[PDB]
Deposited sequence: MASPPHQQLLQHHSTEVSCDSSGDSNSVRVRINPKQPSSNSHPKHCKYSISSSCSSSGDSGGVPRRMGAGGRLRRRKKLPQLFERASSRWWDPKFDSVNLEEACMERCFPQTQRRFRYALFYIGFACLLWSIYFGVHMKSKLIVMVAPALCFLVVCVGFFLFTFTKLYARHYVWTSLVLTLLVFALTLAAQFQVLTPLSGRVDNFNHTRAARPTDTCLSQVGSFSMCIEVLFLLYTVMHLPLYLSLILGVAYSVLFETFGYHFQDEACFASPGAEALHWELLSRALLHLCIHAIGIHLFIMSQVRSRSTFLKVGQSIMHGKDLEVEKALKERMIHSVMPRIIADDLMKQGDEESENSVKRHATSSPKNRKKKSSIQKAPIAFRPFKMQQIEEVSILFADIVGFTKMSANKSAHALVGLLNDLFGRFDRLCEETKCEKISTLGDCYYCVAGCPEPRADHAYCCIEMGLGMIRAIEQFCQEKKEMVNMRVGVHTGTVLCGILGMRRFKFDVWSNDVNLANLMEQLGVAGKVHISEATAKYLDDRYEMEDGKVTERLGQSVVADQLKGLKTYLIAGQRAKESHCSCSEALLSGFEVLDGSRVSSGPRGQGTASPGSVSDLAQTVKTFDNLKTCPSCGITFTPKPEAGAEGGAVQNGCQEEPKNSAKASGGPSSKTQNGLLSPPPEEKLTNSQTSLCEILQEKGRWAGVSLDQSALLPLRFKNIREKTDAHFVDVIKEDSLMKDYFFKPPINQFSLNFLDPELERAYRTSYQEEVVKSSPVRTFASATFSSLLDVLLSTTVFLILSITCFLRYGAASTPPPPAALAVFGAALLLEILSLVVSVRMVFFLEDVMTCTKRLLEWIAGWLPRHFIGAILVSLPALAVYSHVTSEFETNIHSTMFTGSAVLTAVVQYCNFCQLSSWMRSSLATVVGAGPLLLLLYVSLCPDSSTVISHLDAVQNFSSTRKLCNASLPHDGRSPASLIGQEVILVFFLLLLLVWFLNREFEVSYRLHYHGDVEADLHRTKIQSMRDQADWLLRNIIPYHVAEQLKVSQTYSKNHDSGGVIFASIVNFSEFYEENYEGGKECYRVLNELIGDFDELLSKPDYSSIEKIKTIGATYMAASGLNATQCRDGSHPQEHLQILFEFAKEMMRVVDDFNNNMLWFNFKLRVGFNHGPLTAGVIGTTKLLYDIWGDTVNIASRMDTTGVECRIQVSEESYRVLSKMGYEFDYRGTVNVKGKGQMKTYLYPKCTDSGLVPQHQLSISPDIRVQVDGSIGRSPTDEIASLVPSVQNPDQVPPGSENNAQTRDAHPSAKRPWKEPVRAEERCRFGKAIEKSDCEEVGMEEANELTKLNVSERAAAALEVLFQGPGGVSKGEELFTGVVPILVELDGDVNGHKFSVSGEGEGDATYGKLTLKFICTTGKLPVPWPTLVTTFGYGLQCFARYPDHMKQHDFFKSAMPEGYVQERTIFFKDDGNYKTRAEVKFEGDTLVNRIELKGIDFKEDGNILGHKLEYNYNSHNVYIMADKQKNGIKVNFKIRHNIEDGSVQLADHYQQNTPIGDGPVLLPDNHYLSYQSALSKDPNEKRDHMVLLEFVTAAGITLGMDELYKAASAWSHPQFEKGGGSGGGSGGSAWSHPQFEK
């Protein structure tokens, strides 16, 4: 945009400032070496040369002072423009006083090459402006060098130096754009990944206690990290002794929830269970869960607590106080009965959808029954509590009305696209160098020497084959046969890339050396011309930035200067001194320049790799926390809860089933290591039921939770839209098919069980129900209603291995062609006698 790409040069400023400091130093060093040249070697008869050199050296140290000002940080383009106009004018004015027969073309042209490079690469001017300054400098330098073949040869040399100039320019700034963009990506992903890690933490703590969550956040087992992405499924249980289990049940929940609009009910129930959570976090009792009108805690199951009994009955008396305050405050006639039992408990996680930390033992079943045998307002404790309670409470005899039991009441830029572009430019300057070297023949109409045209054709065909390889690699024609190209693409690794890059860099200097076998040191136009062209070819060795620095720079020194140390002696008198000076300054320039550009390329690859690592890491954390969020609540509640604060809804028709494994108690036996192996078997069965949920034809069936051995699931909730290709009561049909198929799953499970059989009964009912969410910073999706309680009645009054159906669910299921038989007539609390039906015949 605009403030994007301005902040780009805000964070690409200091490397531009460092480059500009190096260009200032290099121009000053050029003025220094030409000063000692024209002060010792030649032109010691006139001081017109050396005093502009010394004054421009001190102008450059003036600019090196001016860099440090604070009125530079937005003025750097205009400061660079002033510097490059001074250097343009100085090079033209130090060229201007020649052609008296004293100074060559090979020195002034090196100044031309140097100043065009410092314009293109380091001055950091815009493209149009630096291009028109470059072309204007080149044409003014050729029209002030003049004061039908050689002139157009020099114009060809300026053509290829502007080619390599614009190429280095555009690739340096597309890399400086793209590295900025990748570091912008990698700094967005750090903050956004911190956000997703906070959400994942909040969803872990809402389903597991603190000790085991903080275990899970240092990733103690890596296999869970691999699995959230062979014989038994993994499961975590710890048979822990000496806990103290509390249940609690709201008395009179039905009349308290009598005519609420299913938003008042969730609100008051939120208030009540929030008061209970405050009690839990005071009393240091872990709550476990909340089901229906029932709440239940433990007392130090992950942590060995010494006053666990005390913590449990103190939490029960706290509950009695909190519900009498709620009764006074909100004016609702309720109280609650509490049962407290101690003992040993194996506590962990079973299932894999909707899983949650629970407890299982027989001590838990005892605590459930002593809640069921409790009287309202009073906490109903056992001998197992009271044997170390120390009896500092208002104890009673807890006697039944019908076992030592008591009551208590109180107290661009693609990395293989740049290779295409620089192979293109290397072969086009090899082309026009060959053209310039051929058209030197204005004396012969046909070219004399054989080896020149031989090397010309040889490297010409080599460049055109490497061009076709690269251009069909990118443009991807798939024309003849590519399996040789696929296996030839493989073998150009890092070091074969080095060697083909060596040749593809070198070969224009081979084309210009190809014209040295015929004698040249007789004429001086030929000598200075081949010197100018060979420095034009040595300065062309910048383009393969995907190579290394020292490799290209040392190959440049060799195959651009070594043959002229060879041809130093071939006698040509003081032009050797100025040409070794001129290749010195040019080689120092090209050493620094391709050093800095391959450093830029290395940093671009670094910023690509790190900013892809952070993208995969945030994709992992986002997928993980989204799996936990679709775990703990359904999807449409997550939609209506993202845009708001709490959730409640009243559905007018939805079915629900419970599903109880009847005979698990005669499989439990505790004689081995607590019987946790028996719960591994039960985990396998609940896992097979959860595998039924991943079917695409069981999409709109929700699993509420599992309760001990019982499995609860309900439908009709996600279907907000009355479909055109479907039925208004089809979710009951697919829920009944879900019940049939989990009957099938237990039949398939018993084949792997030897000389024992699990039997389950289910119960089915539909009607209007009441969805809701309880916690905040905890979460719990749950449904309530009368449909649910009649469904639990159809469960518990069931015959095993047979589906039991209520009356209205019979009336709507039997109009879809199913078969049933009249079971009998069952008392239902609230409905009285009720007409039930059974699915197997």
>> Without any C-alpha position in the structure, which residue ranges of the deposited sequence would you list, numbering from 1?
In response: 1-96, 198-216, 263-277, 360-379, 553-565, 575-779, 940-975, 1246-1637
